[PDB]
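Let's start with one chain on its own, the form deposited in one PDB entry, as structure tokens.
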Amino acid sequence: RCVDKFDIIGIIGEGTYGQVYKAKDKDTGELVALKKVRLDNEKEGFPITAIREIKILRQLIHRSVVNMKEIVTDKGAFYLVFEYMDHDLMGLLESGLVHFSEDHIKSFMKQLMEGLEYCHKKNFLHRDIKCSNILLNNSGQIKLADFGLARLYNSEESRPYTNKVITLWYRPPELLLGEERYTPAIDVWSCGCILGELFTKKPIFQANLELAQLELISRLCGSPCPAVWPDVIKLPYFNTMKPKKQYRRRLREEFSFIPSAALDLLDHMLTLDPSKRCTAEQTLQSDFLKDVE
């Protein structure tokens, strides 16, 4: 099918290989988003990263995960076609003038974590969660998006993956300290950051370098040390990258304004040792999420 089959309305994002566009399907009337994938002025053909994103998307069939309707072409680029979503999460929060109730957040996190558990059960790591890659329409419905850094991971044994992943502010400490044999716990750390940012509106760790990011995380979650995370000494940058002082965990005193069931979840999601961090399956049995319609 061709892109003349759609009515283009305007630009609603920058994706990694082209803009995203809002549009109307001429046969059905429905509103859709079109991720452009530019080719002309490419050196190794259709971008291998796009090929990777597309294989993954085609396997993902979940209510709380973005679902690609089709791919179309010019009269020369291609466009990935998705059902349109009114906002991303970063957009609502940044205006301010938007407060999320305890129950808005409950609903929102149940959806996200069911989204993420589906992905993890099917051996995919998202590896780029953050407020701008969570979409949200006015029905109150959530979709997890941008699988442009995702990849298959191996659960029957362990393997080495790319270390520089997840944007700084949602990046967990194992990656800051240089780990390559990491786990789905990296996605849960990022979602833990969302949960905090839902209650404050400001993203909770906002440094511009890794070293400073580590400081900010330590200062709240405790300095990483072998007493709380025995394996930590086996990481490449544990000697190289230290917080100033050896800080005590004080997450609960900082976030004691939050409801208590949420605080338990948040504490668990932002646990330094990945093997002690909760899984997406586990979050869904927490008291905060256990019973949410």
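Between two forms, the rigid core is the largest collection of C-alphas that superpose within 1.5 Å. We number the residues from 1 along the sequence you see.
The modelled chain breaks between residue 75 and residue 76, where 10 or more residues of the deposited sequence lack coordinates. Legend: mean Cα B-factor per stretch from the PDB entry, 281 to 289 versus 267 to 275; the higher mean is in 281 to 289. Across the two stretches, 218 to 226 and 199 to 207, the PDB entry reports the greater mean Cα temperature factor for 199 to 207. For the set 138, 190, 132, 167, the PDB entry assigns the largest Cα B-factor to 138. Set against one another, the Cα B-factors of 54, 258, 232, 48 in the record reach their highest point at 258. Split the chain's modelled residues into thirds by C-alpha temperature factor. Residue 85 is in the middle one.
In the PDB entry, a CA B factor belonging to the highest third of its chain's modelled residues is recorded for residue 102. In the PDB entry, a CA B factor belonging to the lowest third of its chain's modelled residues is recorded for residue 126. In this PDB entry, the Cα temperature factor of residue 171 sits in the bottom third of its chain's modelled residues, the lowest group. The entry lists a Cα temperature factor for residue 236 that places it in the lowest third of the chain's modelled residues.
Keep in mind that the form deposited in another entry is not shown, yet the notes after this line are about it.
Here the two forms are overlaid on the core, and between this form and the one not shown the C-alpha of 82 is the only one among 118, 108, 82, 169 to shift by 2 Å or more.
Taking the rigid core as fixed, one finds a CA shift for residue 15 of 2 Å or more between this form and the one not shown. Once both forms are fitted on their core, a CA shift of 2 Å or more is seen for residue 48 between this form and the one not shown. The two forms, fitted on the rigid core, differ between this form and the one not shown by 2 Å or more at the CA of residue 70.
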